[PDB]
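Cβ sites come from the backbone with ideal geometry, for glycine too, and all protein chains shown count toward neighbours. Values in this text are rule-based calculations from the coordinates and carry no lab data.
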Amino acid sequence: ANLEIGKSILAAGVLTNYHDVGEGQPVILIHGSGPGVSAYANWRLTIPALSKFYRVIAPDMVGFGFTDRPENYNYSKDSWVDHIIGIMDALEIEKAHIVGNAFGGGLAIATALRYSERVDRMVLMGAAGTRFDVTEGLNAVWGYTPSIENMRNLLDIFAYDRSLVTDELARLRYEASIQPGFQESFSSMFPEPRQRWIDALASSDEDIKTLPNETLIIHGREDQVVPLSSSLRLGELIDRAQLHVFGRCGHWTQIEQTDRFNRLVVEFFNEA
Amino acid sequence: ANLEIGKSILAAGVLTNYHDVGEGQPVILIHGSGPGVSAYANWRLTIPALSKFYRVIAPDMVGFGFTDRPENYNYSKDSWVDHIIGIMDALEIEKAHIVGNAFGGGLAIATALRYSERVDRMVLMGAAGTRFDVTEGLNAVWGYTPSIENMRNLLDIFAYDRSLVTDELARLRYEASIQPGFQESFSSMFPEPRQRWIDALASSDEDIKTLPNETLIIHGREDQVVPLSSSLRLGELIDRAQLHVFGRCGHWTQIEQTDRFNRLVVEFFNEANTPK
């Protein structure tokens, strides 16, 4: 809410809220797509680890954080990728590493396919970008409805160690879900039948086998939203890829496994 | 030869050739089971990264390196686990992290099951321990016959990037396989019908599900000897485990992805460090 709000810049036509920390090689973080989500809520623990050696760019995708929600915006993969390229052009960033969490991972893969010249290394965490049967969990996430109780439960789905889902955490995230116009745009994106959306965010197997990017796929064994089976698949499709699965870990690999995650990612990028 | 030959000690009643470098928390490196294999040959590129923070123990399992090959020894999973334990008792090592390579990962799992109080953290690299249909590769390896050509192909099977398999290496490991008594004992361990050995070396799904050890499972996607599918099973069975898979990499993960491999393994054992 407070620190979830960073800088403002006109990207690809929309006023975008984002974070720009660190200097050097650019690294873009794309948050997932849950109610109340934001660049900062998804990456406040990761950013510090990377800004010690990189310039971390963590924006709020069109209609998600505190980024404007255009009066008649048509949300789609292409739109979101146009937004990502918008932000990169506004900041005059030619090539950058991309870290995508689920919804963000799908976008990352989509972006690496359509704008190869702007993407270097990729980090896909419980990423989207490949078809998989909608899970009860994902359905819960996209089907969210404002309510401290619904949020808490929702958060339970993401974590493996429910112990991390504290009342305070539940309240705070809930508050964000009911920010001015947040639920509005959110409940308008992945309505009732959902398999469609996952398929719309995915990239064909053929295409993906094209990706020449050095890639790190991270997934929690017990991920309840995005099935492990989905990353194992990307581990097959992508050529220059590494696959790392955490045990006793939910979807938010970067939270439940902050240390291991930041260590793997930072080292992964240091290779370049 | 030469460098592969190190210290000598009596463990479980058998002269064992082994390497002991570094100091502090102990880590035991258990080699694979290819012809000519030795602890040093398998870990010479891993020892340097480890020796800076741990006491590295790299022994030659009975009948594999320059360790004595008894005149009637009955090579079996239990007999080997007992050798490991023997090695540990000899060096007066109570508990230790273990890194197993295939055949070694199998022995590592067995050890952690039979001597839970002697094993801390594990690193199973393209490890055995679960059943899996024998592969043309594992077959080509256990069915090896002395010959520079034969070795070159054996190595091509182990590697993703054949550019690593140079004539020199093939010639050196060939000479390693034809050391007095080496081939004689190798060829008498995994005869024609081999599915047996994989099964005997493995551990029940039940038992594996029991292991409480923090575990790091590593494997090469293009592994031609032990199928990636095996590690995935281990990743399902072992509770406190991580699974790391390298793309564009053969069986010897520690050789084709050295730096990547050494970092995960050193960093992994570091997580078990408590202050003062």
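Some notes on this structure:
- Here the calculated FRET efficiency for A:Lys7 and B:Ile5, from their Cβ-Cβ distance with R0 = 56 Å, stands at 0.35, rounded to the nearest 0.05.
- Cα→Cβ-extended label distance, 7 Å offset, between A:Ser204 and A:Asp239, nm: 1.8
- Annotation for the range A:31-128: trypsin sites (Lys or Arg not before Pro) lying in DSSP loop with at most 16 further Cβ atoms inside 10 Å of their Cβ are A:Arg44, A:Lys52, A:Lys95.
- Whether the range B:137-204 is rounded, prolate or oblate, judged on the alpha carbon gyration tensor where a/c under 1.5 counts as rounded: oblate
- In this Cβ point-charge picture (+1 for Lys and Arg, -1 for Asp and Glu), chain B has a dipole of about 420 debye about its Cα centre.
- Proximal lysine pairs, chain B, alpha carbons under 23 Å, eight or more residues apart or interchain: 8
- Alpha carbon centroid spacing (whole Å) that separates the range A:115-178 from the range B:155-218: 43
- For the range B:68-110 versus the range A:77-108, the inter-centroid distance based on Cα atoms is 51 Å.
- At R0 = 45 Å, FRET efficiency that the Cβ-Cβ distance of B:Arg44 and A:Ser116 yields, to 0.05: 0.70
- Using a Förster distance of 45 Å, the FRET efficiency for A:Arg194-B:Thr258 (Cβ separation, nearest 0.05): 0.55
- Neighbours of A:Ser185, meaning other residues whose beta-carbon lies under 13 angstrom from its beta-carbon, give a summed charge of -3 when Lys and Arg score +1 and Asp and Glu score -1.
- Working note: 222 nm ellipticity from helices only, DSSP H runs with n ≥ 4, each -39,500 (n - 2.57), summed and divided by the residues of the protein assembly as shown, gives -11000 deg cm²/dmol to the nearest 500.
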